[PDB]
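Encoded as structure tokens, the following chain is the form solved without the RNA, with no partner shown.
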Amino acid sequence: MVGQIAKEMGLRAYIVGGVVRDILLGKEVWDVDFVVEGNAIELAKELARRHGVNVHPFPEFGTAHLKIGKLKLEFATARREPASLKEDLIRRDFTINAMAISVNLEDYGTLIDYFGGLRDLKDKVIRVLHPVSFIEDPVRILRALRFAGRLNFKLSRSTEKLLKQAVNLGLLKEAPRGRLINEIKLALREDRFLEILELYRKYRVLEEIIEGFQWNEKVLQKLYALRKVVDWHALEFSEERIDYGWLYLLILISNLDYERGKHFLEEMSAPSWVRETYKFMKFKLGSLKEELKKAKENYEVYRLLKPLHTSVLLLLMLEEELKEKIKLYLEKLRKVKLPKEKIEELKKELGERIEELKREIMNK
């Protein structure tokens, strides 16, 4: 599609960055990013045209978003911020993000590796292009680790020292907060997110990020324990799933104050029930686990756990004692139902009698 228009336009168009990586590693992505030696916006406009699909150009920035099918496309004009592709690439973060694939019909299919992105790709390694890089875009500090987390990669040695420097230089602080919180967000959407936390703690990045936070053993314990819990509840109920990353985020801010914590979650654009989970854990959780343990009958447990959110329950499973309790609630007590004739006999106040029959049959 693009290669042919680039012929008609006599341009050169390339697939660039993570997408390429995702391809070499065989991930599927319908979000595809290009860099153009030529006018990108018009290439986009003609692609859209011939497909007859709506396209949004961005004249100021010089890019265009357009969506072919459920597949998404963003065309960007090459820039050094003319510019050779190698210039567009050399400004990027990591070797494995620095590659490109030709849609140009002559070299079509070609992986373009200047900095050894493929070499470094097989070697399972996070390597920046140049050493100033961290200073250039400090958010990368996380992304690096993030990559290393998701794909199980090691930092380049030089990269390692570079990163510890940058961290230590508190660049992590002086970077605009918005991009950082953005990153942390995208980090906690990860399946490998725990390993990312391993790297976080390793470089102590979080201490340069959130106000008043530091790491303690118990936190880590309950974090791993959380991974077990999430593994399990994800296994049993496939329809009951939530985005679990938040939990771990929460587990970090637990020892923190409620003021700075809720400020931080609102800062994290945490969903309502998330910040609500923060509030309920900060305030009434002690009484919660107490009266949960103070409940002798299965139905009392039922009446205690009903109004509350699921994530909160998942958080309540961390205590060894309450494990079998939550197991009973989730697998049994909440599964019990009722016939007709009896209801009609209670009808001859109703919900009273129903709650009563609940209390009666549930205890065993």
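In case it trips you up, residue 1 is the first one in the sequence shown, and so on.
The same protein also has a form deposited with the RNA bound, omitted here; what follows describes it.
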Exercise. For the spot marked by 140, 272 and 354, is every residue within 4.5 Å of the RNA in the bound PDB entry through some heavy atom?
Worked result: yes
For this session: Could you tell me which of 197 to 205, 88 to 96, 254 to 262, 217 to 225 sits within 4.5 Å of the RNA in the bound PDB entry, going by non-hydrogen atoms?
Result: 88 to 96
For this session: Report yes if any heavy atom of residue 323 sits within 4.5 Å of a heavy atom of the RNA in the bound PDB entry; otherwise report no.
Result: no
Problem set entry | Residue contact check: residue 74 to the RNA in the bound PDB entry, 4.5 Å heavy atom | yes
Exercise. Taking heavy atoms and a 4.5 Å cut-off, does residue 337 contact the RNA in the bound PDB entry?
Worked result: yes
For this session: Check whether residue 294 has any heavy atom within 4.5 Å of a heavy atom of the RNA in the bound PDB entry, and answer yes or no.
Result: no
For this session: Let me know the one among 327, 56, 309, 27 whose heavy atoms come within 4.5 Å of the RNA in the bound PDB entry, would you?
Result: 309
For this session: Select from the listed residues 170, 178, 116, 212 the one whose heavy atoms reach within 4.5 Å of the RNA in the bound PDB entry.
Result: 178
For this session: Taking the RNA as it sits in the bound PDB entry, which residues of 177 to 191 have a non-hydrogen atom within 4.5 Å of it? Please list them.
Result: 178, 179, 182, 185, 189
